[PDB]
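Visitor: Sharing a structure here in structure tokens format.
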Amino acid sequence: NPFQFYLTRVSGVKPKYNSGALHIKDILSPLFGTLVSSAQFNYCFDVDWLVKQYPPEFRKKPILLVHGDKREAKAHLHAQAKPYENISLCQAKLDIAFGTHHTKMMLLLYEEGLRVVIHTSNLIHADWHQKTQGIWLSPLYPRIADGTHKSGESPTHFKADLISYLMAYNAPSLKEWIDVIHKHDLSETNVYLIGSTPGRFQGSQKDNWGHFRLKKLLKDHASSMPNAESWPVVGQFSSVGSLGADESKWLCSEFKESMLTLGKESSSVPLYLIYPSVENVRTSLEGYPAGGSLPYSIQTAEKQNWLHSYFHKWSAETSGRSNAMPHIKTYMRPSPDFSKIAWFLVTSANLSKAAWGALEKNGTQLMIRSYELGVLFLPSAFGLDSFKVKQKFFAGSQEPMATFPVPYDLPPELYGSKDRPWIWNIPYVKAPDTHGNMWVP
């Protein structure tokens with residue numbers, strides 16, 4: 001299939017729902033390539049666990065961990081890695097307050113070429129065990145021969161855009177990876193990179209990152225259709241930032257405005273937000289502890305009760321994952337009957353200004369606090385005008401190159417009047433979870 005979009009394996013679902021899913025041990029297997037070295041960009045690391053996911057024959061190859069931890073957290077990560085002489089660390093600079101290094105990416109250098117993996121899971125056992133997580137696997141990119149001058153660039157500009165993302169760190173260990181990427185041919189890549197890096201972007205730079213980057217790609221590489229105003233926007237995420245006292249402050253002004261862009265020309269567009277309810281979490285495979293990875297605080301939520309009228313339950317019968325709580329984040333533009341989509345984005349970015357950017361200085365500057373990274377699937381990059389939605393995620397549909405695997409059910413289902421968004425720091429003592437426990441933070 002052309003999309004190379006996968007879910008992680010879920011322990012406890014029937015095998016038909018894991019056939020075609022990937023565990024981290026599969027990604028790092030010798031079948032994917034003969035590993036020389038690797039870089040693991042992430043937020044949270046269990047180093048003992050991570051080294052054990054590499055094949056035994058590859059466990060002494062150099063590994064670079066790219067993280068954003070400071071102070072005692074930084075010391076803790078260094079102490080985790082100290083037993084492993086082959087592990088180096090790169091601390092990503094976070095010079096704006098309340099930012100984090102959230103990007104989840106593997107750079108895998110092999111004897112045979114290079115691969116890039118952009119995904120949504122932390123490098124801890126629980127993120128790969130019973131959660132819904134998303135992975136994009138690049139092609140095996142071959143080396144460009146010594147002495148040959150060619151760009152190695154794709155029609156989506158992925159090579160230059162990945163180098164641009166790594167340049168933003170201003171880090172010597174990542175300049176080494178930039179030089180690796182320069183030496184490989186990434187021309188087969190059919191996705192667009194959408195990154196966030198921390199900073200204040202004006203002028204020539206405003207469209208490089210965050211939601212203005214999305215807007216620019218949709219302006220330039222998508223077409224508007226008649227009745228575009230009836231094509232909804234769907235956003236699906238595992239954490240919610242402080243969005244302001246009403247929808248006009250950010251969500252339905254600048255964020256929705258970027259998401260509804262199509263084509264170059266100059267709003268009643270429905271907006272569906274998918275976020276687990278308390279009942280989704282209680283009845284999940286993990287039970288209430290799944291909610292330790294859904295970090296919405298009561299202090300934030302009680303400032304924006306207007307937001308919850310946009311919320312829809314998690315449901316994923318299409319992939320057998322209704323009880324596997326989502327840590328994937330996705331954004332997409334379905335048709336009014338949800339049978340087609342104009343584009344699909346899988347990313348680390350949750351529904352927050354820190355991740356997507358907030359306009360400042362009278363709309364001339366986009367300020368971003370965090371590192372995030374995702375890949376955008378546009379029909380034009382596949383010779384198509386729209387994607388047909390795959391009816392069953394792991395099924396064999398008659399036109400796989402035209403048929404996009406959406407991992408959750410459409411249309412999304414609105415919360416009922418008794419439902420509440422999962423809020424992780426209040427107790428739930430009315431009904432026990434699948435393991436027989438309550439939640440008492």
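FYI, residue positions are counted from 1 along the chain as it appears here.
Here the Cβ of each residue, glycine as well, is placed from N, Cα and C on the backbone.
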Visitor: Which range, 55-58, 239-242, 415-418, does Swiss-Prot list as region 'Interaction with DNA'?
Guide: 239-242
Visitor: Express as a whole number of angstrom the distance that separates the Cα of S266 and the Cα of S267 across the 5-residue gap.
Guide: 13
Visitor: For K104 (substrate binding site), just count the other CB atoms lying within 10 A of its CB, please.
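Guide: For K104 (substrate binding site), the count of other Cβ atoms within 10 Å is 27.
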Visitor: Roughly how many Å lie between the Cα atoms of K329 (substrate binding site) and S352 (site 'Interaction with DNA'), rounded to a whole value?
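Guide: Given the Cα positions, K329 (substrate binding site) is 12 Å from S352 (site 'Interaction with DNA').
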Visitor: Going by Cα-Cα distance, pick out whichever of the recorded positions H102, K104, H327 is nearest to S352 (site 'Interaction with DNA').
Guide: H102
Visitor: Per DSSP, what is the residue tally for the region 'Interaction with DNA' (239-242) in helix, strand and coil?
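Guide: When I sort the residues of the region 'Interaction with DNA' (239-242) into the three classes, I find 0 helix, 1 strand, 3 coil.
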Visitor: Taking DSSP three-state, what's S352 (site 'Interaction with DNA') in: helix, strand or coil?
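Guide: It is coil.
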Visitor: Using the alpha carbons only, what distance in Å do you get between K104 (substrate binding site) and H327 (active site, proton donor/acceptor) once rounded?
Guide: 12
